[PDB]
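Working notes, beginning with the structure itself.
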Amino acid sequence: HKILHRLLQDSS
Amino acid sequence: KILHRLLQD
Amino acid sequence: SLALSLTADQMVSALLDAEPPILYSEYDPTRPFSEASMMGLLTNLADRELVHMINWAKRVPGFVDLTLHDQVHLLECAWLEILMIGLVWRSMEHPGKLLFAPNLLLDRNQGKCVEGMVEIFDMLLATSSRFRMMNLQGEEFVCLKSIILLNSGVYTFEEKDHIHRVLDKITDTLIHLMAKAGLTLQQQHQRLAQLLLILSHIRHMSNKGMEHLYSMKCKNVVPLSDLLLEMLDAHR
Amino acid sequence: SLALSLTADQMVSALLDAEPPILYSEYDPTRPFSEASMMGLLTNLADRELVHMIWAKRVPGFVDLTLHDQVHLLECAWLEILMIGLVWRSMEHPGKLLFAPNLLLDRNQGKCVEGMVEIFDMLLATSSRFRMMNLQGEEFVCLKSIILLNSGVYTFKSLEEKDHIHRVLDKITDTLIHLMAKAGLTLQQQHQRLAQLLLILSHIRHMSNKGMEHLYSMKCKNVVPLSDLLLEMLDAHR
Ligand SMILES: C[C@]12CC[C@@H](c3ccc(O)cc3)C[C@H]1CC[C@@H]2O
Ligand SMILES: C[C@]12CC[C@@H](c3ccc(O)cc3)C[C@H]1CC[C@@H]2O
């Protein structure tokens, strides 16, 4: 969904 | 300005 | 300055004594609400409250030491924050409702009457719940309201230092109150922070409310008093 | 959680180590600014900073939250976070805003964009305040974490999470106080300084709300192509 969602899950 | 006047009365 | 020589207990007394009365709205129970009539009620109320607020500010220690231009600026900056913290305070003992006036107690569903207002009601109600959870005390409330007056417009400005000395005094007062109430040293700084962080949320609600009020004005929904128009104007 | 088991010194270390990198602007300093040019640089910078801010995951206690709650806090606080970062690094540049090491803008360059100088003045005023208080790096990282956890905490069967966030917030308060005690401040001076710092967060909220409105107006006018990420962040506030 949200780009933010994707960024959070992919955080490094 | 109304506020300016009211701060005196 | 007399304000700086005030003890903590004298500070609290002065602030408690300067508290404005709870005013009634022009609510007419013979008629159903419209977007226009509800906005009229709330804005008529804010207007009468503003007059009392102006006179309350004059009694906040240190305030009258400022130039009229500075007093004007601080109030123009903080007026809606001050109205809102008052509303949240008197709504404390009414879970799910905002006590705008004794004859005007509204839940979020009644907020829906006005386009976009339920969002504001929800934020106010959330803040009210927070006060209730923290068991905010009246002495703490009056300190917080005075901090808002002195702080909100202080950076958009000697006198600056004077305002900060006064603000420091209010901090000392808040700590004094908490110690007197039996809070441990650690609990004191923890509660101080919790209370002050609320002011961030109050600022947020004021900015959102200001945009909404301006929106209603620009759609000719409600006529605002000349004073309210000028207070609103100061934010653009 | 581990967040609550951290010592004050361990909290400061964790926050320091979690600090995002300082990015450069694509700015080419041989070309005068235009309104579009300026907005482009600032928004491009903000978009890249946002990715790095998502730092958030390393803020003690944050990783404990649901994906939903993390999204909410970031959506609420992202511009406040960018702004306090900007104010912090601009501290030692009176009258200027250090957006990047290679993009140092003075007040008048705010006029390059309509309605922006008003924003610049507020940021500059906050910077002067930080400078006046002699704000320390250890205190700054504490304040920025508080913003992340506080700004959207009241916009929330899940009362256990909100209480966890409040426990973490209390720990950060303990940490600020610890730094002040270590710095030799008396009890009265500690409480006074703590109050002073937190009141600045009120002004930072104010600047964010104003900046959000300005960023929105520039968007609608199509005076600048905003990234998909930036548009979604902006959309969350409207
Ligand atoms: C009418 C509005 C609803 C709350 C209202 C208010 C009135 C009196 C108070 O003591 C507090 C708040 C001010 C405006 C702000 C947004 C909205 O337009
Ligand atoms: C481009 C704007 C100016 C500052 C900008 C910003 C960019 C990067 C930062 O690290 C901080 C701030 C955000 C927006 C907010 C208002 C204006 O549109």
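The first residue you see is number 1, and the count goes up from there.
Positions of Cβ are set from backbone N, Cα and C atoms, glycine also.
Swiss-Prot has this to say about the protein:
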- D:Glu49, D:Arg89, D:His214: 17beta-estradiol binding site (BINDING)
- D:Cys142: S-palmitoyl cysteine (LIPID)
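Here the C-alpha separation of D:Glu49 (17beta-estradiol binding site) and D:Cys142 (S-palmitoyl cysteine) works out to 19 Å. For D:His214 (17beta-estradiol binding site), the Cβ neighbour count at a 10 Å cut-off comes to 17, with all displayed protein chains included. Cα spacing between D:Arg89 (17beta-estradiol binding site) and D:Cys142 (S-palmitoyl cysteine): 15 Å, rounded to the nearest whole number.
Proximity to ligand 1 (Cβ under 6 Å from any of its atoms) holds for none of the recorded positions D:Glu49, D:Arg89, D:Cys142, D:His214. Summarising the environment of D:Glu49 (17beta-estradiol binding site), the number of other Cβ atoms within 10 Å of its Cβ, over all protein chains shown, is 22. Long-range C-beta contacts of the residue listed as 'S-palmitoyl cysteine', restricted to its own chain and to partners at least six residues apart, with a cutoff below 8 Å, comprise D:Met11, D:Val12, D:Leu15, D:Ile172, D:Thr175, D:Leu176, D:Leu179. Cβ contacts within 10 Å of D:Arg89 (17beta-estradiol binding site), excluding its own Cβ and spanning all protein chains shown: 18. Taking every pair among D:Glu49, D:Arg89, D:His214, the residues recorded as binding 17beta-estradiol, the greatest CA to CA distance is 22 Å.
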